[PDB]
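Observations on chain architecture
As a plain string of letters, each chain reads:
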Amino acid sequence: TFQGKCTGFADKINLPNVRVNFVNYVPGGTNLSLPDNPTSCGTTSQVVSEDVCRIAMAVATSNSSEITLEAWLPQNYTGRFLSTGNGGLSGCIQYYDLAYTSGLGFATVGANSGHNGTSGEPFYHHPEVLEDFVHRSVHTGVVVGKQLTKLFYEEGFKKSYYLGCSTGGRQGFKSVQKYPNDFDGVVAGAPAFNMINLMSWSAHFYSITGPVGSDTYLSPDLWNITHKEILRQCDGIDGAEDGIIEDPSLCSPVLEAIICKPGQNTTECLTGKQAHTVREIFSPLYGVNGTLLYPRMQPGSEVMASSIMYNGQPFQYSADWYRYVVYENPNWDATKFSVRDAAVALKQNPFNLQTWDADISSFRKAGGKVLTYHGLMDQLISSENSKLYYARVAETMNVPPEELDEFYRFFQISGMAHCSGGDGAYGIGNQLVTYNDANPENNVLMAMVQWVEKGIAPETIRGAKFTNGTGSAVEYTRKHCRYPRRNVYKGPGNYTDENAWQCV
Ligand SMILES: *[C@@H]1O[C@H](CO)[C@@H](O[C@@H]2O[C@H](CO)[C@@H](O)[C@H](O)[C@H]2NC(C)=O)[C@H](O)[C@H]1NC(C)=O
Ligand SMILES: *[C@@H]1O[C@H](CO)[C@@H](O)[C@H](O)[C@H]1NC(C)=O
Ligand SMILES: *[C@@H]1O[C@H](CO)[C@@H](O)[C@H](O)[C@H]1NC(C)=O
Ligand SMILES: *[C@@H]1O[C@H](CO)[C@@H](O)[C@H](O)[C@H]1NC(C)=O
Ligand SMILES: *[C@@H]1O[C@H](CO)[C@@H](O)[C@H](O)[C@H]1NC(C)=O
Ligand SMILES: *[C@@H]1O[C@H](CO)[C@@H](O)[C@H](O)[C@H]1NC(C)=O
Ligand SMILES: COc1cc(/C=C/C(=O)O)ccc1O
Ligand SMILES: [Ca+2]
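Here the residues of each chain are numbered from 1 in the order the sequence is written, which can differ from the numbering of the entry; residues without coordinates are not included. All chains are assigned letters beginning with A, and all ligands numbers beginning with 1, in the order in which they are written. Hydrogens and water molecules were not included; the side-chain quantities draw on all heavy atoms of the structure. Residues with missing side-chain atoms are left out of burial classes, side-chain pairs and their counts.

Listed as the method for this PDB entry is X-ray crystallography; the listed resolution is 2.10 Å.

1. Quick look at the nonpolar core
The test is simple: Here, the term nonpolar core denotes a set of buried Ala, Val, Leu, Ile, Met, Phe, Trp, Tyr and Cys residues that are joined through side-chain atoms within 4.5 Å. Remark: exposure states derive from per-residue accessible area (1.4 Å probe, protein chains only) relative to the maximum for the residue type, with buried under 20%, exposed over 50%, and partly exposed in between. Under the scheme used here, helices are H or I runs from DSSP no shorter than 4 residues and strands are E runs no shorter than 2 residues, and both carry numbers assigned from the N terminus. Every residue pair with non-hydrogen atoms within 4.5 Å of one another is taken to be in contact.
The biggest cluster of nonpolar side chains holds 50 residues, and the ones touching the most others in it are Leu198, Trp201, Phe205, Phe282, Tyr310, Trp321 and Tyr322. For this core, the secondary structure elements donating two or more residues are α3 (127–152), α5 (195–209), α6 (220–234), α7 (272–281), β11 (292–294), α9 (316–326) and α10 (339–348). Look past the residues within four positions of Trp201 in its chain and what remains in contact with it is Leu285, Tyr294, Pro295, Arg296, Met297, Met309, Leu380, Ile381 and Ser382. Counting 48 residues, the second largest nonpolar core, distinct from the first, contains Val23, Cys53, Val138 and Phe173.

2. Looking at the coordination of the calcium ion (ligand 8)
Using the following cut-off: Atoms of type N, O and S within 2.8 Å of a metal are treated as its donors, and for Na, K and Ca the window is 3.2 Å; water is not considered, so some sites may appear to be missing partners.
Only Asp235 (O), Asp235 (OD), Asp238 (OD), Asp238 (OD), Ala240 (O), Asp242 (OD) and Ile244 (O) from the protein coordinate the calcium ion (ligand 8), and they sit 2.4 to 2.5 Å from it. Along the chain, the residues that donate to the calcium ion (ligand 8) are spaced as D-x2-D-x1-A-x1-D-x1-I. Comparing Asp235 with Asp238, the two get one shared label, buried.

3. Considerations on the UniProt feature "active site" in the chain
Selection rule: UniProt positions are given in the numbering used here, feature names are shortened, and annotations may be inferred rather than shown by experiment.
Under the UniProt annotation, "active site" lies at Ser166, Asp378 and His418. Spanning 253 residues, the named residues form one tight spatial group whose C-alpha atoms are at most 10.6 Å apart. Looking at the element boundaries, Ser166 is found in the loop between β8 (159–165) and α4 (167–178). Discounting chain neighbours no more than four positions away, the residues touching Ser166 are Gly189, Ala190, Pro191, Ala192, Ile381, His418 and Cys419. Mapped onto the elements, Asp378 comes out in the loop between β12 (369–375) and α12 (383–397). We classify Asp378 as buried; its relative accessible area is 0%.

4. Focus on the side chain of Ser90
The criterion, for reference: N or O atoms within 3.5 Å of each other form a polar contact, as long as, within protein, one can give a hydrogen and the other can take it, and as long as residues adjacent in sequence are counted only when both atoms are side-chain atoms.
Structurally, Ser90 is set in the loop between β6 (80–83) and α2 (95–103). Within the local environment of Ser90, its side chain forms a polar contact with the backbone nitrogen of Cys92, the two atoms lying 2.9 Å apart. Beyond its immediate stretch of four places on either side in the chain, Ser90 contacts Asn112, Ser113, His115, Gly117, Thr118 and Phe133.

This is the structure in structure tokens:
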């Protein structure tokens, strides 16, 4: 029996520097309690919809570091191994991804990145813990996970896959760049690569806005006013007035247009200083010496960005990065961030956390495929940074898109926010929360499986716009384009007909 194989499995595990905490049979329909999950992760449970054997481990990665590692080995197994990854500066195992991919038949692992919780404080004075976050946590879970898969199933595994977004997107690219043989297929969303500069750019928003109530700051109401004017200026460039900017690279908005006139209600317009703030927010971050560090925030992400990036407080992840790693001073004042700090951080680049190597020929040579996607109203990580990486790879590898298409495809997703949510057709199946069925035509993960196992490369990636979230009726779908193409509404038929659009 499958249960009996699982209850007998702890005795079969004997791996150096791996301590088995427990092995449990978890039937489908179980609502797992996760009492030990770090409180800052904000998840104490996970529904597991299909039978798995659950293995939980503590794996020492050095004499002063360890990861927590979970492996969920499904009863209904397809012969495919998969690793998940992390979010933010967190060690949070993404149990929602473990449920998702195990439920699709993958032998699945996820590790906590080498520490517990969403704070960067565990990096403080602990280079081995930081090294786990940069590269060694994900890789260790792949090595151990593959071992466990082969121990548990007579058939072993035929192919190996990666699924992650945000920090998880970065970790997918760290795999491509440093461990070209870890995965046959890598699915990496909205990647936090160019990571050091991402922290600097996150930190620089405070220097532009200033604190809540200052001259230079905009309230959430004013960011809503600003959003509506951005749509007036840009929504229709793609040919459809649908509240979505299909490719914001064509949107260069001019916000002096909504500077207050005499006799205008001050709550519906900007002062000159506020307009200057907005112009700078849609400008790139350049460093000492006048070199580019991070591209502009793409227009369209204003409502959620007002709460997270433009809220008049220093962004927390970057403050943590500068206090605990760059300067090792927990009292470092993040309100006084300057580009001189960004130079110090970029030169430090610990364990090449930048994850910005543009020569990925070793991955190509090993036979790997990578599919990356990025939402074009992303409020946390600008979609333009993925576009910059693409240019850099083409330039460095000295090949055009037709050649890159053989092993590296990048889809730009209209109306998607950071990793999930947004105003438009974000339902591409990168996570349970974006799921529109399991079939490759509707699901990015299964599309990678098809590319790897049948040699069928995805031309576009379909997403759903839901009436009221995943599981509700699909209102419309759209076939998102493969960069450098963009989507343009041509008709015939209304913009809700996916056939009325063309990638151009
Ligand atoms: C980090 O969090 C994990 C839980 O996600 C902790 O692992 C648990 O620790 C206790 C105490 O050793 C074990 O008895 C449990 O079986 C563990 N749970 C799992 C899922 O493995 C881990 O201890 C924490 N790491 C620390 C504090 O270093
Ligand atoms: C699982 O349990 C938690 C409480 O621990 C609850 O919030 C969640 O809705 C449950 N899920 C289902 C679908 O029963
Ligand atoms: C701990 O590990 C470090 C880093 O790998 C190593 O150089 C050092 O010798 C070790 N110290 C002990 C106490 O084992
Ligand atoms: C701004 O607009 C969004 C819809 O895009 C709305 O849900 C939100 O409540 C508005 N925010 C404020 C502060 O009015
Ligand atoms: C300006 O707008 C607010 C709504 O934001 C309204 O309550 C207030 O009465 C208006 N003031 C004037 C002078 O029109
Ligand atoms: C196209 O569909 C949208 C979505 O409901 C709607 O706003 C619009 O009226 C439709 N256009 C026509 C011509 O029916
Ligand atoms: C990190 O080093 C590099 C940066 C670039 C950047 C090009 C650009 O930023 O416009 C190009 C090649 C490099 O080796
Ligand atoms: Ca539009």
